[PDB]
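First up is the structure itself, then whatever we jot down about it.
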Amino acid sequence: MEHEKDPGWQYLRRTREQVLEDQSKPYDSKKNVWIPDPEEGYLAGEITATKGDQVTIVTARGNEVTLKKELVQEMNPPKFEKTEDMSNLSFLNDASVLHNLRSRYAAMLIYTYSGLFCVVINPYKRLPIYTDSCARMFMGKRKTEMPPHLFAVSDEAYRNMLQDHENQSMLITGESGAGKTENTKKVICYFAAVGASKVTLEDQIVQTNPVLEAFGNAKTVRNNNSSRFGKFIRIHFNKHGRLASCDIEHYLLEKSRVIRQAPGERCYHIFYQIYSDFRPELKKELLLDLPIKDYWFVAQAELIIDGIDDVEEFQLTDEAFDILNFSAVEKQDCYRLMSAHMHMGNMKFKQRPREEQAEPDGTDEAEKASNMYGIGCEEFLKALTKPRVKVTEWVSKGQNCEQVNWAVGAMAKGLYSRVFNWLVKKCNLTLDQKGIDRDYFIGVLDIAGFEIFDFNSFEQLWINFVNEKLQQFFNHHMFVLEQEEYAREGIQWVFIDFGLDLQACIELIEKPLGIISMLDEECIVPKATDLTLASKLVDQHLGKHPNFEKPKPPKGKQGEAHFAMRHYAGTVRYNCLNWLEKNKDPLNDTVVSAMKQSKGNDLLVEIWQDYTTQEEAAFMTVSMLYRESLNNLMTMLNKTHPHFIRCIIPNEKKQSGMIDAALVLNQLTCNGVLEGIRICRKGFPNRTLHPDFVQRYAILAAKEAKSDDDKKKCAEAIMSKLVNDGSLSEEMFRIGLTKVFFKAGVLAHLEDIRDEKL
Ligand SMILES: Nc1ncnc2c1ncn2[C@@H]1O[C@H](COP(=O)(O)OP(=O)(O)O)[C@@H](O)[C@H]1O
């Protein structure tokens, strides 16, 4: 044809010869089954005997086991090998979902539908499925008429927007390394392609990527180019489909990374880009006269990334600034602040014997940082070692070396955070051009899933709270669609909103004197500590809220913990150490004041404009800003039609084609996929329009099938015969106004009788 000529088609759908070979395997619906297996998650076997509540099974490895029947899962026939939408399987169970995804992944078919979910398993290699010619194949095509692909989901959202006159959202989730960033970039490019009719808006949208990834992405153990911030990117269009504008919102930037690197990790890419040989004189202008290995804040672990050329990356970043209309002075002032950060991390201090007051231990690095900030080194060091506190008089407050080091790290994190916020805001101004009406938008949300670590803190609480909200959002969306379908089919049975399954945990976190409220209140109580917070939380909730628990003893390498919560993804042990400090984000106000007075670095003055000093003043916690931000995100998502992309990391080795079955099953458990298949299975997983049912099953009831001119009455007549024959129960189906609805396993049984009689 023409589809089959494109190189991407072999990575989208098997040939007829590969399919017939897939379907050419021995199979007995009553013999071949799946059993639990520690290594492989599930293992194929054959029932050789059955005895009451038990079954004897020879597994694929040859051994013989005896199991309770409740552990045995039905295996799908080979005609369902590599099925494109798993809600079509005859048997909707965990073992079959795992098998189908693994079979597709082995053939580098990385996209699979699962009803409302689009699952994508990271290929860890280049696939030719994202080219212009591949994208054009999906434009205007019915999603059900094309193989699974990110572009089919994207094009359906775009057509929905135009035909339904409603905003859309694309929610992309998954663990670190699963593929979120890559999918997000390709979605944005697809929308910029379909919405495009001497520097175009589309060009500038794309150029945000090098800038935002230089300052917001870093090498981690899990991912060489890990985005350390969540993001919501809205692509605005007029009512004719024309690209109009784009805006970006960022969430939870990882601030600790600019002062600390764990083994195997790097700081944000930008420091190594600036230092690279792309612009050799830049190091000299920035007074970066030591090897990069000697700058403590960026050199605690790795300095290079296998496969990444920081020279070429910096060229792309430096050019992107220009394309995005940053001025030469803005760009240089930005680079100077990055230099200042590296110099600050190398400043040393000491105390003389029996002195509590820190003094500089040499001043060369402080002078270089001050030069980058455009301020005097003496006032900078005085602000740092002897800050002033208003109490109606300015008093000087002494600092020891521990306090100075704390203050330097806090300043460096808060200054970097504000540079990043400024880069986003500047991008947003560039991308907001005159010309095209902003009638609708599609919002792309890319943020990490649940995080359950050995040690869970304030940052994990917020990301897990976010994901409770997002999973409830999915559950509610699924519930509304089911309810609306039954309603218009005249089959309404009354069921409770699936989103209520997450509401108790959400309330524990978000209600008055729930977790966040108690933190906000305690953070301002004189003499309060992390321990008084924790006792208050236990006092308010333990034994009164079922999702609040005392934590298990530190098994394995779990740290100490003050309380535990039962999240959607499991039980999380939280440690409240430093939560009061994290919630207030205190800075050295005297240092900020000196920076806001700088005459040598206008960008430095700009990025502190959101901060009010003591002198300017003469309360908003972090969680209050986060709560407002999340509430605004959710209010907006609930005024859109959402689409769901679930990225899966296949293994821990960045190995293409290899599946770690335990790791994959765990993600499918925690990301809603397996629970969605269960909920599907327990309802009416299958629906067939009356005419197609009549043609499908006439042979089982040929007189009934032709008994009436009205196709609905013919379908009813067939079903009445099956119920009369005993080969169907009235409970197993429902006749709708336009479709027949089938409980789990009922359609397959009807296929069995149809094939037998055939
Ligand atoms: N669809 C894909 N095609 C090619 N490579 C991919 C794809 N998805 C992920 N990768 C690879 O895996 C790495 C991690 O993916 P990424 O999207 O950065 O994960 P996440 O953003 O979820 O942390 C990428 O840098 C890239 O090498």
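Chain A residue numbers are taken from Swiss-Prot; in order, the displayed residues are 1-197, 211-404, 406-632, 651-790.
According to its header, the structure was obtained by X-ray crystallography, 1.9 Å.
Backbone N, Cα and C atoms are what each Cβ position is placed from, and that goes for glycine too.
The following features are taken from Swiss-Prot:
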DOMAIN    28-77  domain 'Myosin N-terminal SH3-like'
MOD_RES   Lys125  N6,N6,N6-trimethyllysine
BINDING   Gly174, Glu175, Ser176, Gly177, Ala178, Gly179, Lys180, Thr181  ATP binding site
REGION    662-684  region 'Actin-binding'
REGION    766-780  region 'Actin-binding'
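Projection of Swiss-Prot feature records onto the structure.
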| residue | record | contacts (Cβ under 8 Å, 6+ apart) |
| --- | --- | --- |
| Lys125 | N6,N6,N6-trimethyllysine | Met108, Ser688 |
| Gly174 | ATP binding site | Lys180, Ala462, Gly463, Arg678, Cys679, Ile680, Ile681, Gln699, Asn703 |
| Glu175 | ATP binding site | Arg235, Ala462, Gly463, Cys679, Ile681, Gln699 |
| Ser176 | ATP binding site | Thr233, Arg235, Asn236, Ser239, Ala462, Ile681 |
| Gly177 | ATP binding site | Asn122, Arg235, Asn236, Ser239, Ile681, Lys686 |
| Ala178 | ATP binding site | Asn122, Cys679, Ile680, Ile681, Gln699 |
| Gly179 | ATP binding site | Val120, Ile121, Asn122, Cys679, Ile680, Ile681 |
| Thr181 | ATP binding site | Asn230, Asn238, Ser240, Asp460 |
Discussion item. Going by DSSP, is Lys180 (ATP binding site) sitting in a helix, a strand, or coil?
Written reply: helix
Worksheet entry | Cβ neighbour count (within 10 Å, all chains shown) around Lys180 (ATP binding site) | 28
Item to complete: Taking the recorded ATP site as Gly174, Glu175, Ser176, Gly177, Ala178, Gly179, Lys180, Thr181, identify the other residues of that chain whose CB atom sits within 8 Å of the mean position of the site's CB atoms, giving them in sequence order.
Response: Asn122, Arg235, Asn236, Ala462, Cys679, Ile681
Worksheet item: Among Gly174, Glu175, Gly179, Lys180, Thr181, which binding-site residues lie by ligand 1, judged by Cβ under 6 Å to any atom?
Response: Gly174, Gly179, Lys180, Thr181
Discussion item. Before the 18 missing residues sits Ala632, after them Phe651; how far apart are their C-alpha atoms, in Å?
Written reply: 15
Discussion item. As a quick check of your reading of DSSP, tell me how many residues in the region 'Actin-binding' (662-684) are helical, how many are strand and how many are coil.
Written reply: 8 helix, 8 strand, 7 coil
Practice prompt. Rounded to a whole angstrom, give the Cα distance between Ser197 and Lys211, which sit at either end of 13 unmodelled residues.
Written response: 14
